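J.:
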Ligand SMILES: C[C@@H]1O[C@@H](O[C@H]2C[C@@H](O)[C@]3(CO)[C@H]4[C@H](O)C[C@]5(C)[C@@H](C6=CC(=O)OC6)CC[C@]5(O)[C@@H]4CC[C@]3(O)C2)[C@H](O)[C@H](O)[C@H]1O
Ligand SMILES: [Cu+2]
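Residue numbers (the deposited numbering), protein chains in the order written: chain H, 2 to 82, 82A to 82C, 83 to 100, 100A to 100E, 101 to 130, 133 to 154, 156 to 157, 162 to 169, 171 to 180, 183 to 196, 198 to 200, 202 to 206, 208 to 223; chain L, 2 to 27, 27A to 27D, 28 to 214.
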């Protein structure tokens, strides 16, 4: 997929992390890969670059604690981070470096990212509860439905409606850490038909636990 | 170096022009090339390159984005700001290592006031089986963002144990939506009747209200 990283989830403190970046549509023979991360809610941060010829430049800071290495044949860059601290909790993104000369280069394509939570806790799968209008009012020509996703750890979660078919009027309310666990919800508005016997479903895939439960409304 | 972005937040009506600034601690300009870049990070996606080397446009980013500047001072102009650009904006220099980002300038598109469509949801059967009860209200598609909901339980008894989450600004119409979850124990949900969700937002002195009566328990 143009650049996708896997490495993920929960990693306990002091242990090591390897996030693998898999590039597509170019090769490492000709392209550099930056690694960046984004610590929840604040700014983007550069970790390092592995240039074309297997060469590397590092953010003097993290410097000591990380290595990046490519297998050109496999189309993968790998970032090894060791002695994890809890503030390494971040979204980790790999990006393509288009270099043509010192006066024409770009960090031009970005991976989706993967969420790495450094903590001594255990993943907790979500409980998913459907929410449907129950006291019968002649709901106009549109009805709202929802899925409540409760108590999971760590982040992320993915809530899709009828596997992805409805992403029209889908609202995804962001996640709130309550007593060490996260909760979130999503609403969808479908017509008064495309609900009753059309059967709606939210499909919640909670990666770290490998939960992928579909609750039918 | 270190990059300073102003304003940190910005609201501009459509058709207007927005001007993100970014000033560096040092001349990120070697010969006639200002080594700075501009990224658009929409709400929950990876960064998209907008401009590299201060002025050059990334193919695909429309021509209402303009980058300008030399040395220390740089500027991103977006005119006409269309609804689609409600996102967060970063500038990054690459004059030296490390490759630091500036803090982000959020853009918020000003729009006409829009009042909420409140929806109220019972708990699921499945939830009650875990001994708990959640009552959910989606206050959807309003502008501005400031809204404050209240839960009224059975009489004008208010409650605490409420979870309130706001979606970011919608990119099609410039609205916001909200989720409010009152979470009770089953064993106290069970011995009460009325549950109101009373929302108060600029568009009316009158709070909007949705409410249900526990119907055949
Ligand atoms: C022809 C050559 O060009 C100029 O020097 C150049 C080499 C060197 O000095 C630097 C600063 O260290 C290089 C640096 O090395 C590599 C980069 C960090 C790299 C990356 C960008 C990114 O995103 O990831 C990595 C690509 C360009 C870069 O950003 C800078 C750009 C500023 C420059 O100043 C330019 C002078 O004109 C010089 O005298 C002449 O020898
Ligand atoms: Cu400094």
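From the three backbone atoms N, C-alpha and C, an ideal C-beta is built for every residue, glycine too.
Of the residues that make up the stretch 83-110 of chain L, which ones have a beta carbon closer than 9 Å to any beta carbon in chain H?
T.: 87, 89, 91, 94, 95, 96, 97, 98, 99, 100, 101
J.: Are the Cβ atoms of residue 23/H and residue 68/H separated by less than 8 Å?
T.: Taking 8 Å as the Cβ cut-off, residue 23/H and residue 68/H do not qualify as a contacting pair.
J.: With three or more C-beta pairs closer than 8 Å as the rule, is the stretch 106-117 of chain L touching the stretch 127-147 of chain L?
T.: Enough Cβ pairs lie closer than 8 Å, so yes.
J.: Are residue 101/H and residue 55/L closer than 8 Å when you measure CB to CB?
T.: yes
J.: What is the DSSP secondary structure of residue 189/H, counted as helix, strand or coil?
T.: strand
J.: Touching or not, the stretch 61-77 of chain L and the stretch 14-22 of chain H, by the rule of three or more beta carbon pairs under 8 Å?
T.: no
J.: Which residues in chain H have a C-beta closer than 7 Å to the C-beta of residue 30/L? List them in chain order.
T.: 100A
J.: Taking only the alpha-carbon atoms, compute the straight-line gap between residue 105/L and residue 23/L and give it to the nearest angstrom.
T.: 18 Å
J.: What are the start and end residues of the alpha helix (DSSP H) that includes residue 124/L?
T.: 122-126
J.: What is the rounded straight-line gap between the Cα of residue 165/L and the Cα of residue 34/L?
T.: 25 Å
J.: So is residue 64/H buried or exposed if we call it buried at 16+ other beta carbons inside 10 Å?
T.: exposed
J.: Cα-Cα, which of 27/L, 86/L, 62/L is closest to residue 76/L?
T.: 62/L
J.: Please name the residue, chosen from 99/L, 46/L, 57/L, 95/L, that lies closest to residue 8/L on a Cα-to-Cα basis.
T.: Ranking 99/L, 46/L, 57/L, 95/L by Cα distance to residue 8/L puts 99/L first.
J.: Candidates 189/H, 46/H, 212/H, 162/H: which alpha carbon is nearest residue 163/L's?
T.: 189/H
J.: Anyone know if the C-beta pair for residue 11/H and residue 73/H falls short of 8 Å?
T.: no
J.: Assign residue 178/H to one of two classes, buried (16 or more other C-beta atoms within 10 Å of its C-beta) or exposed (fewer than that).
T.: exposed
J.: Put residue 24/L into one of helix, strand or coil per three-state DSSP.
T.: Judged by DSSP in its simplified three-state form, residue 24/L adopts strand.
J.: Going by other Cβ atoms of all chains shown within 10 Å of its Cβ, with 16 needed for buried, is residue 121/L buried or exposed?
T.: That one is buried.
J.: Report buried or exposed for residue 150/H, applying the criterion of at least 16 other Cβ atoms within 10 angstroms of its Cβ.
T.: A residue is called buried when at least 16 other Cβ atoms come within 10 angstroms of its Cβ; residue 150/H meets this threshold and is buried.
J.: Kindly provide the chain-ordered list of residues whose Cβ lies closer than 7 Å to any non-hydrogen atom of ligand 3.
T.: Ligands present in the displayed structure are limited to ligand 1 and ligand 2, and ligand 3 is not among them.
J.: Who does residue 4/H pair with in a DSSP beta bridge?
T.: 24/H
J.: Using C-beta distances below 8 Å, list every residue in its chain close to residue 2/L, excluding the 5 sequence neighbours before and after it, in chain order.
T.: 25, 26, 27, 27B, 90, 92, 93, 97
J.: Classify residue 58/H as helix, strand or coil using the three-state DSSP reduction.
T.: strand
J.: Along chain L, which residues have their Cβ under 8 Å away from the Cβ of residue 122/H?
T.: 120, 121, 123, 124, 131
J.: Could you name the residues of the same chain whose beta carbon sits closer than 7 Å to that of residue 48/H, not counting the 5 residues immediately before and after it, in chain order?
T.: 36, 37, 38, 60, 63, 67, 80
J.: Between residue 108/H and residue 202/L, what straight-line distance do the alpha-carbon atoms span, to the nearest angstrom?
T.: 43 Å
J.: Out of 13/H, 168/H, 199/H, state which residue places its alpha-carbon closest to the alpha-carbon of residue 83/H.
T.: 13/H
J.: With DSSP as the reference, identify every bridge partner of residue 196/L, one or two as the case may be.
T.: 146/L, 205/L
J.: Quick one, which residues of the stretch 151-175 of chain L are near chain H if we go by CB-CB under 7 Å, in chain order?
T.: The stretch 151-175 of chain L vs chain H, Cβ under 7 Å: 160, 162, 164, 174.
J.: Residue 105/H to residue 167/H, Cα distance in whole Å?
T.: 19 Å
J.: What are the start and end residues of each continuous beta strand (DSSP E) run of 3 or more residues lying completely inside the stretch 50-77 of chain L, in chain order?
T.: 62-67, 70-75
J.: Mind checking whether residue 159/L and residue 143/H have CB atoms under 8 Å apart?
T.: no
J.: I want to verify the contact list: residues of chain L whose CB lies under 9 Å from the CB of residue 103/H, in sequence order.
T.: 36, 42, 43, 44, 45, 46
J.: Using a Cβ-Cβ cutoff of 9 Å, what residues of the stretch 47-73 of chain L are near chain H? List them in chain order.
T.: 49, 50, 53, 55
J.: Where residue 177/L and residue 143/L are concerned, what is the direct C-alpha to C-alpha distance, given to the nearest angstrom?
T.: 14 Å
J.: Cβ of residue 14/L less than 8 Å from any chain H Cβ?
T.: no
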